Every structure is written in structure tokens, then in C-alpha cells.
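Below: data22.cif (mmCIF, C-alpha atoms; chains and numbers go by the auth columns)
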```
data_data
#
loop_
_atom_site.group_PDB
_atom_site.id
_atom_site.type_symbol
_atom_site.label_atom_id
_atom_site.label_comp_id
_atom_site.label_asym_id
_atom_site.label_seq_id
_atom_site.Cartn_x
_atom_site.Cartn_y
_atom_site.Cartn_z
_atom_site.B_iso_or_equiv
_atom_site.auth_seq_id
_atom_site.auth_asym_id
ATOM 1 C CA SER A 1 16.064 -1.841 -4.869 0.00 14 A
ATOM 2 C CA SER A 2 16.119 1.751 -3.578 0.00 15 A
ATOM 3 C CA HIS A 3 14.317 2.618 -6.871 0.00 16 A
ATOM 4 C CA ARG A 4 11.544 0.134 -6.069 0.00 17 A
ATOM 5 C CA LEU A 5 10.957 1.311 -2.493 0.00 18 A
ATOM 6 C CA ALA A 6 10.758 4.932 -3.725 0.00 19 A
ATOM 7 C CA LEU A 7 8.010 3.807 -6.100 0.00 20 A
ATOM 8 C CA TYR A 8 6.189 1.720 -3.485 0.00 21 A
ATOM 9 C CA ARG A 9 6.202 4.715 -1.176 0.00 22 A
ATOM 10 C CA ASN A 10 4.871 6.990 -3.952 0.00 23 A
ATOM 11 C CA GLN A 11 2.179 4.451 -4.953 0.00 24 A
ATOM 12 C CA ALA A 12 1.141 3.679 -1.383 0.00 25 A
ATOM 13 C CA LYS A 13 0.688 7.401 -0.643 0.00 26 A
ATOM 14 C CA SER A 14 -1.808 7.890 -3.464 0.00 27 A
ATOM 15 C CA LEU A 15 -3.485 4.586 -2.584 0.00 28 A
ATOM 16 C CA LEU A 16 -4.071 5.572 1.054 0.00 29 A
ATOM 17 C CA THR A 17 -5.227 9.025 0.015 0.00 30 A
ATOM 18 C CA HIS A 18 -7.611 8.370 -2.880 0.00 31 A
ATOM 19 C CA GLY A 19 -8.188 4.714 -2.125 0.00 32 A
ATOM 20 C CA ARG A 20 -7.093 3.309 -5.497 0.00 33 A
ATOM 21 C CA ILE A 21 -4.166 3.225 -7.937 0.00 34 A
ATOM 22 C CA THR A 22 -3.559 1.740 -11.363 0.00 35 A
ATOM 23 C CA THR A 23 -0.274 0.320 -12.692 0.00 36 A
ATOM 24 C CA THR A 24 1.077 -2.684 -14.482 0.00 37 A
ATOM 25 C CA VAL A 25 0.107 -6.151 -13.269 0.00 38 A
ATOM 26 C CA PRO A 26 3.616 -6.832 -11.874 0.00 39 A
ATOM 27 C CA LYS A 27 3.974 -3.437 -10.124 0.00 40 A
ATOM 28 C CA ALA A 28 0.456 -4.045 -8.727 0.00 41 A
ATOM 29 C CA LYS A 29 1.462 -7.349 -7.137 0.00 42 A
ATOM 30 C CA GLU A 30 4.614 -5.853 -5.605 0.00 43 A
ATOM 31 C CA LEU A 31 2.585 -2.949 -4.207 0.00 44 A
ATOM 32 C CA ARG A 32 -0.152 -5.083 -2.692 0.00 45 A
ATOM 33 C CA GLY A 33 2.575 -6.942 -0.781 0.00 46 A
ATOM 34 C CA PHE A 34 4.224 -3.757 0.446 0.00 47 A
ATOM 35 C CA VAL A 35 0.984 -2.216 1.674 0.00 48 A
ATOM 36 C CA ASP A 36 -0.293 -5.440 3.328 0.00 49 A
ATOM 37 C CA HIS A 37 3.067 -5.394 5.069 0.00 50 A
ATOM 38 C CA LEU A 38 2.545 -1.831 6.329 0.00 51 A
ATOM 39 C CA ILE A 39 -1.018 -2.444 7.505 0.00 52 A
ATOM 40 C CA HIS A 40 0.152 -5.472 9.444 0.00 53 A
ATOM 41 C CA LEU A 41 2.583 -3.325 11.448 0.00 54 A
ATOM 42 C CA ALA A 42 -0.079 -0.668 11.910 0.00 55 A
ATOM 43 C CA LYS A 43 -2.348 -3.286 13.431 0.00 56 A
ATOM 44 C CA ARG A 44 0.442 -4.428 15.726 0.00 57 A
ATOM 45 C CA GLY A 45 0.550 -0.698 16.458 0.00 58 A
ATOM 46 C CA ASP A 46 3.497 -0.185 18.804 0.00 59 A
ATOM 47 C CA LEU A 47 6.573 1.976 19.336 0.00 60 A
ATOM 48 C CA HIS A 48 8.664 -0.288 17.092 0.00 61 A
ATOM 49 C CA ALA A 49 6.020 -0.829 14.427 0.00 62 A
ATOM 50 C CA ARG A 50 5.511 2.920 14.046 0.00 63 A
ATOM 51 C CA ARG A 51 9.274 3.292 13.629 0.00 64 A
ATOM 52 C CA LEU A 52 9.587 0.736 10.838 0.00 65 A
ATOM 53 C CA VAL A 53 6.517 2.009 9.034 0.00 66 A
ATOM 54 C CA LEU A 54 7.957 5.522 8.873 0.00 67 A
ATOM 55 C CA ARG A 55 11.337 4.266 7.698 0.00 68 A
ATOM 56 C CA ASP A 56 9.448 2.589 4.845 0.00 69 A
ATOM 57 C CA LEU A 57 6.946 5.368 4.168 0.00 70 A
ATOM 58 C CA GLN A 58 8.749 8.667 4.376 0.00 71 A
ATOM 59 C CA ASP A 59 5.623 10.573 5.365 0.00 72 A
ATOM 60 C CA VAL A 60 4.423 11.248 8.926 0.00 73 A
ATOM 61 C CA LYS A 61 0.845 12.250 8.107 0.00 74 A
ATOM 62 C CA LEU A 62 0.412 8.910 6.332 0.00 75 A
ATOM 63 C CA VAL A 63 2.100 6.777 8.972 0.00 76 A
ATOM 64 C CA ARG A 64 -0.249 8.549 11.366 0.00 77 A
ATOM 65 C CA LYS A 65 -3.284 7.841 9.154 0.00 78 A
ATOM 66 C CA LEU A 66 -2.364 4.146 8.943 0.00 79 A
ATOM 67 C CA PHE A 67 -2.113 3.603 12.670 0.00 80 A
ATOM 68 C CA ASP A 68 -5.107 5.558 13.926 0.00 81 A
ATOM 69 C CA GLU A 69 -7.358 5.279 10.854 0.00 82 A
ATOM 70 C CA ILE A 70 -6.667 2.421 8.382 0.00 83 A
ATOM 71 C CA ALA A 71 -5.415 -0.135 10.918 0.00 84 A
ATOM 72 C CA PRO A 72 -8.482 0.016 13.237 0.00 85 A
ATOM 73 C CA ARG A 73 -10.700 -0.578 10.204 0.00 86 A
ATOM 74 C CA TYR A 74 -8.965 -3.897 9.457 0.00 87 A
ATOM 75 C CA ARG A 75 -8.762 -5.231 13.007 0.00 88 A
ATOM 76 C CA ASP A 76 -11.215 -7.921 11.922 0.00 89 A
ATOM 77 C CA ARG A 77 -9.438 -9.060 8.735 0.00 90 A
ATOM 78 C CA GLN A 78 -6.192 -10.976 9.023 0.00 91 A
ATOM 79 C CA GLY A 79 -4.657 -10.334 5.629 0.00 92 A
ATOM 80 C CA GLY A 80 -5.604 -9.538 2.040 0.00 93 A
ATOM 81 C CA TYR A 81 -6.348 -5.933 2.890 0.00 94 A
ATOM 82 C CA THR A 82 -5.524 -4.950 -0.701 0.00 95 A
ATOM 83 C CA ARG A 83 -7.474 -5.999 -3.790 0.00 96 A
ATOM 84 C CA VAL A 84 -5.915 -6.324 -7.275 0.00 97 A
ATOM 85 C CA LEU A 85 -8.136 -6.417 -10.371 0.00 98 A
ATOM 86 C CA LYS A 86 -6.756 -7.007 -13.840 0.00 99 A
ATOM 87 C CA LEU A 87 -8.079 -4.733 -16.548 0.00 100 A
ATOM 88 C CA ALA A 88 -8.876 -5.429 -20.195 0.00 101 A
ATOM 89 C CA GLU A 89 -6.885 -2.246 -20.812 0.00 102 A
ATOM 90 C CA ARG A 90 -3.175 -2.217 -21.739 0.00 103 A
ATOM 91 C CA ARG A 91 -0.823 0.788 -21.637 0.00 104 A
ATOM 92 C CA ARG A 92 0.322 2.475 -24.868 0.00 105 A
ATOM 93 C CA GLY A 93 3.834 1.720 -26.033 0.00 106 A
ATOM 94 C CA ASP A 94 4.706 -1.795 -24.890 0.00 107 A
ATOM 95 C CA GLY A 95 1.112 -2.913 -24.475 0.00 108 A
ATOM 96 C CA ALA A 96 1.700 -4.253 -20.952 0.00 109 A
ATOM 97 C CA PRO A 97 -1.591 -5.287 -19.288 0.00 110 A
ATOM 98 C CA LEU A 98 -2.898 -3.065 -16.508 0.00 111 A
ATOM 99 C CA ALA A 99 -4.351 -3.769 -13.091 0.00 112 A
ATOM 100 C CA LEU A 100 -6.300 -1.705 -10.557 0.00 113 A
ATOM 101 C CA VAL A 101 -5.172 -1.799 -6.929 0.00 114 A
ATOM 102 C CA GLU A 102 -7.414 -0.679 -4.070 0.00 115 A
ATOM 103 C CA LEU A 103 -8.229 -1.383 -0.434 0.00 116 A
ATOM 104 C CA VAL A 104 -10.694 -4.195 0.186 0.00 117 A
ATOM 105 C CA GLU A 105 -14.029 -3.217 1.777 0.00 118 A
#
```
Take the structure in the file and write it out as C-alpha cells.
Amino acid sequence: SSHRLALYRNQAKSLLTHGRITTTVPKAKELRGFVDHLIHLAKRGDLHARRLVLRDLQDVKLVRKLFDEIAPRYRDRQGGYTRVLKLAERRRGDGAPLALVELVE
């Protein structure tokens, strides 16, 4: 719950900064949904959207980036802003299969 959102926020930060992230397949799916959700509000780009995005992402510089940088770039697409690609690689320990998450473009 609060543990998940903390993760999402951490993952989304790195994703918007470097452009890609790698995690487990499940965590990758959950993340893609969270980010698509944030970009949607950024595209709606209003007083209330900016409020909800910040409450979700506890980082101003990023919320700022989303609205005036990432959002404009996806004004043509209407969803599926994030791409998830399953790897042939599995993490060490449990062997859970990995997946690479990145912004479509």
C-alpha cells in the first residue's frame, strides 16, 4: 500500500530522469500503470492535475518536468506511453524473470 507507492515514486523518478528502469515483470506492470496515470494528468495539465501528481510523486522538479516537458511530447499519443520488455535474464536468488521499462518513442 504505502510501501508500494513509495516504490512507484522511487522507480518513476529514475525512469523520468534516465529514461529506463529494470525490475521484476510484476513490479514493471504496476509501474507502467502508475506512470501512464501520471502522464495522463500532466496532459490534462491543470491546477488540480498538478496537485494530484505532486501528492503522488513527492518531488517538485519532476512534477514540473512532467507537465512542461514529458506531457507536451505525448500530446499526440492517447495512452501506452510506457513500454515494457521482458528479458531473458532472471535475478539471482529466487530467479524471478526481469523486464525493462522505458518511455515509448
Task: Residues selected by the PyMOL selection byres ((chain A and resi 76) around 12), written as a ChimeraX atom specification - done: /A:22,25-26,29-30,48,51-52,54-56,58,62-75,77-84
Open item on the list: as a ChimeraX atom specification, please: the residues near residue 17 of chain A (cut-off 10 Å, all atoms listed in the file, same-chain neighbours under 4 positions excluded).
Closed with: /A:21-23,40,43-44
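When atom CA of residue 108 of chain A is paired with atom CA of residue 94 of chain A, their separation reads 28.5 Å.
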- [ ] For atom CA of residue 114 of chain A and atom CA of residue 28 of chain A, quote the distance in Å rounded to one decimal.
- [x]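 Spanning atom CA of residue 114 of chain A to atom CA of residue 28 of chain A is a straight-line distance of 7.9 Å.
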Open item on the list: Rounded to one decimal, what separation in Å do you get between atom CA of residue 34 of chain A and atom CA of residue 107 of chain A?
Closed with: 19.8 Å
- [ ] Starting from the point (-2.5, -4.5, 3.9), work out which residues of protein, DNA or RNA have an atom no more than 8 Å away when counting all atoms listed in the file; state them as a list in words.
- [x] residues 45, 46, 47, 48, 49, 50, 51, 52, 53, 92, 93, 94, 95 and 116 of chain A
TODO: Convert the output of the PyMOL selection byres ((chain A and resi 38) around 10) on the shown file into explicit residues, formatted as JSON, numbers by chain.
DONE: {"A": [35, 36, 37, 39, 40, 41, 42, 43, 44, 97, 98, 99, 100, 103, 109, 110, 111, 112, 113, 114]}
Selection from above, C-alpha atoms, as a CSV table (one decimal), keeping the file's coordinate frame, can you write it?
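The result, stored in selection10.csv:
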```csv
chain,number,residue,atom,x,y,z
A,35,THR,CA,-3.6,1.7,-11.4
A,36,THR,CA,-0.3,0.3,-12.7
A,37,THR,CA,1.1,-2.7,-14.5
A,39,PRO,CA,3.6,-6.8,-11.9
A,40,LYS,CA,4.0,-3.4,-10.1
A,41,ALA,CA,0.5,-4.0,-8.7
A,42,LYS,CA,1.5,-7.3,-7.1
A,43,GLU,CA,4.6,-5.9,-5.6
A,44,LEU,CA,2.6,-2.9,-4.2
A,97,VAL,CA,-5.9,-6.3,-7.3
A,98,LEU,CA,-8.1,-6.4,-10.4
A,99,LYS,CA,-6.8,-7.0,-13.8
A,100,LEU,CA,-8.1,-4.7,-16.5
A,103,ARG,CA,-3.2,-2.2,-21.7
A,109,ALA,CA,1.7,-4.3,-21.0
A,110,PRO,CA,-1.6,-5.3,-19.3
A,111,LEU,CA,-2.9,-3.1,-16.5
A,112,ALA,CA,-4.4,-3.8,-13.1
A,113,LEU,CA,-6.3,-1.7,-10.6
A,114,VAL,CA,-5.2,-1.8,-6.9
```
Box time for segment 66-75 of chain A: axis-aligned, enclosing all its listed atoms, 6 Å extra on each side; report centre and edge lengths in Å to one decimal, as AutoDock Vina command-line options.
```
--center_x 5.9 --center_y 7.1 --center_z 6.6 --size_x 22.9 --size_y 22.2 --size_z 16.9
```
Could I get segment 36-89 of chain A from the block written out with C-alpha atoms, as a PDB file, in the first residue's frame?
```
ATOM      1  CA  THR A  36      12.694  -4.636 -12.253  1.00  0.00           C
ATOM      2  CA  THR A  37      10.669  -7.778 -11.975  1.00  0.00           C
ATOM      3  CA  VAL A  38       7.905  -8.426 -14.501  1.00  0.00           C
ATOM      4  CA  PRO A  39       5.151  -7.785 -11.907  1.00  0.00           C
ATOM      5  CA  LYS A  40       6.724  -4.586 -10.492  1.00  0.00           C
ATOM      6  CA  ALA A  41       7.179  -3.473 -14.133  1.00  0.00           C
ATOM      7  CA  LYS A  42       3.472  -3.836 -14.897  1.00  0.00           C
ATOM      8  CA  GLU A  43       2.459  -1.956 -11.742  1.00  0.00           C
ATOM      9  CA  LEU A  44       4.900   0.839 -12.595  1.00  0.00           C
ATOM     10  CA  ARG A  45       3.794   1.234 -16.195  1.00  0.00           C
ATOM     11  CA  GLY A  46       0.254   1.772 -14.882  1.00  0.00           C
ATOM     12  CA  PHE A  47       1.338   4.335 -12.309  1.00  0.00           C
ATOM     13  CA  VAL A  48       3.374   6.371 -14.778  1.00  0.00           C
ATOM     14  CA  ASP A  49       0.723   6.244 -17.555  1.00  0.00           C
ATOM     15  CA  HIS A  50      -1.580   7.559 -14.855  1.00  0.00           C
ATOM     16  CA  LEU A  51       0.748  10.475 -14.066  1.00  0.00           C
ATOM     17  CA  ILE A  52       1.325  11.397 -17.709  1.00  0.00           C
ATOM     18  CA  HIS A  53      -2.413  11.464 -18.275  1.00  0.00           C
ATOM     19  CA  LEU A  54      -2.835  14.125 -15.577  1.00  0.00           C
ATOM     20  CA  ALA A  55       0.149  16.029 -16.928  1.00  0.00           C
ATOM     21  CA  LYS A  56      -1.535  16.155 -20.313  1.00  0.00           C
ATOM     22  CA  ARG A  57      -4.744  17.382 -18.716  1.00  0.00           C
ATOM     23  CA  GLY A  58      -2.320  19.889 -17.201  1.00  0.00           C
ATOM     24  CA  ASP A  59      -4.372  21.987 -14.784  1.00  0.00           C
ATOM     25  CA  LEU A  60      -4.373  23.348 -11.239  1.00  0.00           C
ATOM     26  CA  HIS A  61      -5.956  20.143  -9.912  1.00  0.00           C
ATOM     27  CA  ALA A  62      -3.909  17.739 -12.013  1.00  0.00           C
ATOM     28  CA  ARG A  63      -0.664  19.336 -10.839  1.00  0.00           C
ATOM     29  CA  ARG A  64      -1.875  18.934  -7.255  1.00  0.00           C
ATOM     30  CA  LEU A  65      -2.619  15.221  -7.535  1.00  0.00           C
ATOM     31  CA  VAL A  66       0.580  14.500  -9.416  1.00  0.00           C
ATOM     32  CA  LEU A  67       2.667  16.048  -6.643  1.00  0.00           C
ATOM     33  CA  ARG A  68       0.759  14.194  -3.940  1.00  0.00           C
ATOM     34  CA  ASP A  69       1.697  11.007  -5.807  1.00  0.00           C
ATOM     35  CA  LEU A  70       5.244  11.982  -6.760  1.00  0.00           C
ATOM     36  CA  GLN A  71       6.830  13.717  -3.818  1.00  0.00           C
ATOM     37  CA  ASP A  72       9.204  15.724  -5.990  1.00  0.00           C
ATOM     38  CA  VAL A  73       8.558  19.204  -7.421  1.00  0.00           C
ATOM     39  CA  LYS A  74      11.313  19.226 -10.047  1.00  0.00           C
ATOM     40  CA  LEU A  75       9.826  16.037 -11.501  1.00  0.00           C
ATOM     41  CA  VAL A  76       6.199  17.128 -11.360  1.00  0.00           C
ATOM     42  CA  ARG A  77       7.454  20.228 -13.148  1.00  0.00           C
ATOM     43  CA  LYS A  78       9.335  18.154 -15.749  1.00  0.00           C
ATOM     44  CA  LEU A  79       6.228  16.048 -16.428  1.00  0.00           C
ATOM     45  CA  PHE A  80       3.931  18.966 -17.102  1.00  0.00           C
ATOM     46  CA  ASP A  81       6.156  21.220 -19.185  1.00  0.00           C
ATOM     47  CA  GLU A  82       8.418  18.573 -20.753  1.00  0.00           C
ATOM     48  CA  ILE A  83       7.123  14.959 -20.879  1.00  0.00           C
ATOM     49  CA  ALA A  84       3.421  15.773 -21.284  1.00  0.00           C
ATOM     50  CA  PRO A  85       3.809  18.034 -24.373  1.00  0.00           C
ATOM     51  CA  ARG A  86       5.800  15.260 -26.050  1.00  0.00           C
ATOM     52  CA  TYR A  87       2.866  12.833 -25.749  1.00  0.00           C
ATOM     53  CA  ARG A  88       0.076  15.202 -26.763  1.00  0.00           C
ATOM     54  CA  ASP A  89      -0.340  13.060 -29.873  1.00  0.00           C
TER      55      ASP A  89
END
```
